[PDB]
Amino acid sequence: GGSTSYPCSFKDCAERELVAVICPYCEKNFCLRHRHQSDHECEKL
Ligand SMILES: [Zn+2]
Ligand SMILES: [Zn+2]
């Protein structure tokens, strides 16, 4: 159809990359924008 990728799960997500970064505590795949401790607001910041 068009392109092939697997971005992170979020409503404010507007970035698509090959491999998403893995949080230290959340250990989840996310973009650089959300990767920010302030953006994600990880409880175990
Ligand atoms: Zn994202
Ligand atoms: Zn996190």
# chains A, B, ... in the order shown; residues from 1 in each chain; ligands from 1
>>> residues_near_ligand(ligand="ligand 2", cutoff="6 Å", atoms="only C-alpha atoms and all ligand atoms", output="list in words")
residues 23, 26, 40 and 42 of chain A
>>> write_last_selection(atoms="C-alpha atoms", output="mmCIF file, in the first residue's frame")
data_model
loop_
_atom_site.group_PDB
_atom_site.id
_atom_site.type_symbol
_atom_site.label_atom_id
_atom_site.label_comp_id
_atom_site.auth_asym_id
_atom_site.auth_seq_id
_atom_site.Cartn_x
_atom_site.Cartn_y
_atom_site.Cartn_z
ATOM 1 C CA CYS A 23 12.996 2.767 28.658
ATOM 2 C CA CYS A 26 9.140 0.894 31.370
ATOM 3 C CA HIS A 40 6.946 10.060 29.446
ATOM 4 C CA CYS A 42 8.116 7.755 34.175
#
>>> residues_near_ligand(ligand="ligand 1", cutoff="9 Å", atoms="only C-alpha atoms and all ligand atoms", output="list in words")
residues 7, 8, 9, 10, 11, 12, 13, 14, 15, 16, 17, 20, 29, 30, 31, 32, 33, 34 and 35 of chain A
>>> write_last_selection(atoms="N, CA and C atoms", output="PDB file, in the first residue's frame")
ATOM      1  N   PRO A   7       5.625   2.359  14.788  1.00  0.00           N
ATOM      2  CA  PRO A   7       5.840   3.446  15.748  1.00  0.00           C
ATOM      3  C   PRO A   7       5.322   3.099  17.140  1.00  0.00           C
ATOM      4  N   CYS A   8       5.514   4.016  18.083  1.00  0.00           N
ATOM      5  CA  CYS A   8       5.066   3.808  19.455  1.00  0.00           C
ATOM      6  C   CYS A   8       3.568   4.069  19.584  1.00  0.00           C
ATOM      7  N   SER A   9       2.993   3.636  20.701  1.00  0.00           N
ATOM      8  CA  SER A   9       1.567   3.819  20.946  1.00  0.00           C
ATOM      9  C   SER A   9       1.311   5.098  21.737  1.00  0.00           C
ATOM     10  N   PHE A  10       0.658   6.063  21.097  1.00  0.00           N
ATOM     11  CA  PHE A  10       0.351   7.335  21.739  1.00  0.00           C
ATOM     12  C   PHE A  10      -0.458   8.233  20.808  1.00  0.00           C
ATOM     13  N   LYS A  11      -1.308   9.070  21.393  1.00  0.00           N
ATOM     14  CA  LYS A  11      -2.140   9.983  20.618  1.00  0.00           C
ATOM     15  C   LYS A  11      -1.334  11.189  20.150  1.00  0.00           C
ATOM     16  N   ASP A  12      -0.352  11.587  20.951  1.00  0.00           N
ATOM     17  CA  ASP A  12       0.494  12.726  20.616  1.00  0.00           C
ATOM     18  C   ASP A  12       1.745  12.273  19.870  1.00  0.00           C
ATOM     19  N   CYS A  13       1.693  11.067  19.315  1.00  0.00           N
ATOM     20  CA  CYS A  13       2.822  10.515  18.576  1.00  0.00           C
ATOM     21  C   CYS A  13       2.819  11.006  17.132  1.00  0.00           C
ATOM     22  N   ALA A  14       3.920  11.627  16.722  1.00  0.00           N
ATOM     23  CA  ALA A  14       4.045  12.142  15.364  1.00  0.00           C
ATOM     24  C   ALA A  14       5.438  11.876  14.802  1.00  0.00           C
ATOM     25  N   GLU A  15       6.012  10.734  15.172  1.00  0.00           N
ATOM     26  CA  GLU A  15       7.342  10.363  14.705  1.00  0.00           C
ATOM     27  C   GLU A  15       7.419   8.867  14.415  1.00  0.00           C
ATOM     28  N   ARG A  16       8.055   8.518  13.302  1.00  0.00           N
ATOM     29  CA  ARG A  16       8.197   7.122  12.909  1.00  0.00           C
ATOM     30  C   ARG A  16       9.659   6.778  12.641  1.00  0.00           C
ATOM     31  N   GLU A  17      10.156   5.753  13.326  1.00  0.00           N
ATOM     32  CA  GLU A  17      11.540   5.325  13.162  1.00  0.00           C
ATOM     33  C   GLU A  17      11.625   3.810  12.990  1.00  0.00           C
ATOM     34  N   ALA A  20      12.444   1.640  18.041  1.00  0.00           N
ATOM     35  CA  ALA A  20      12.088   2.534  19.136  1.00  0.00           C
ATOM     36  C   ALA A  20      12.984   2.298  20.348  1.00  0.00           C
ATOM     37  N   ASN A  29       8.986   0.162  23.912  1.00  0.00           N
ATOM     38  CA  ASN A  29       9.470   0.818  22.704  1.00  0.00           C
ATOM     39  C   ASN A  29       8.761   2.152  22.487  1.00  0.00           C
ATOM     40  N   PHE A  30       9.539   3.227  22.433  1.00  0.00           N
ATOM     41  CA  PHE A  30       8.987   4.562  22.231  1.00  0.00           C
ATOM     42  C   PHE A  30       9.942   5.428  21.414  1.00  0.00           C
ATOM     43  N   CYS A  31       9.417   6.514  20.858  1.00  0.00           N
ATOM     44  CA  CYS A  31      10.220   7.426  20.053  1.00  0.00           C
ATOM     45  C   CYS A  31      11.099   8.304  20.938  1.00  0.00           C
ATOM     46  N   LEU A  32      11.918   9.138  20.307  1.00  0.00           N
ATOM     47  CA  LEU A  32      12.810  10.032  21.038  1.00  0.00           C
ATOM     48  C   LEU A  32      12.023  11.141  21.730  1.00  0.00           C
ATOM     49  N   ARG A  33      10.947  11.584  21.089  1.00  0.00           N
ATOM     50  CA  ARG A  33      10.109  12.639  21.643  1.00  0.00           C
ATOM     51  C   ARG A  33       9.532  12.223  22.994  1.00  0.00           C
ATOM     52  N   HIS A  34       8.999  11.008  23.054  1.00  0.00           N
ATOM     53  CA  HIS A  34       8.414  10.490  24.286  1.00  0.00           C
ATOM     54  C   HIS A  34       9.496   9.944  25.214  1.00  0.00           C
ATOM     55  N   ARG A  35      10.629   9.561  24.632  1.00  0.00           N
ATOM     56  CA  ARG A  35      11.739   9.021  25.406  1.00  0.00           C
ATOM     57  C   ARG A  35      12.106   9.954  26.556  1.00  0.00           C
TER      58      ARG A  35
END
>>> select_by_dssp(residues="chain A", states="helix (DSSP H, G or I)", output="list in words")
residues 32, 33, 34, 35, 37, 38, 39 and 40 of chain A
>>> write_last_selection(atoms="N, CA and C atoms", output="PDB file, in the first residue's frame")
ATOM      1  N   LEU A  32      11.918   9.138  20.307  1.00  0.00           N
ATOM      2  CA  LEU A  32      12.810  10.032  21.038  1.00  0.00           C
ATOM      3  C   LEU A  32      12.023  11.141  21.730  1.00  0.00           C
ATOM      4  N   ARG A  33      10.947  11.584  21.089  1.00  0.00           N
ATOM      5  CA  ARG A  33      10.109  12.639  21.643  1.00  0.00           C
ATOM      6  C   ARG A  33       9.532  12.223  22.994  1.00  0.00           C
ATOM      7  N   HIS A  34       8.999  11.008  23.054  1.00  0.00           N
ATOM      8  CA  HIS A  34       8.414  10.490  24.286  1.00  0.00           C
ATOM      9  C   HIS A  34       9.496   9.944  25.214  1.00  0.00           C
ATOM     10  N   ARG A  35      10.629   9.561  24.632  1.00  0.00           N
ATOM     11  CA  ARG A  35      11.739   9.021  25.406  1.00  0.00           C
ATOM     12  C   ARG A  35      12.106   9.954  26.556  1.00  0.00           C
ATOM     13  N   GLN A  37      12.278  11.908  29.761  1.00  0.00           N
ATOM     14  CA  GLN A  37      11.721  11.611  31.075  1.00  0.00           C
ATOM     15  C   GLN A  37      10.559  12.544  31.398  1.00  0.00           C
ATOM     16  N   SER A  38      10.643  13.777  30.907  1.00  0.00           N
ATOM     17  CA  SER A  38       9.600  14.768  31.147  1.00  0.00           C
ATOM     18  C   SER A  38       8.362  14.467  30.307  1.00  0.00           C
ATOM     19  N   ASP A  39       8.583  13.948  29.104  1.00  0.00           N
ATOM     20  CA  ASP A  39       7.486  13.614  28.202  1.00  0.00           C
ATOM     21  C   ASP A  39       6.756  12.361  28.674  1.00  0.00           C
ATOM     22  N   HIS A  40       7.521  11.317  28.982  1.00  0.00           N
ATOM     23  CA  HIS A  40       6.946  10.060  29.446  1.00  0.00           C
ATOM     24  C   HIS A  40       6.465  10.182  30.889  1.00  0.00           C
TER      25      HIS A  40
END
>>> select_by_dssp(residues="chain A", states="strand (DSSP E or B)", output="PyMOL selection string")
chain A and resi 21-22+29-30
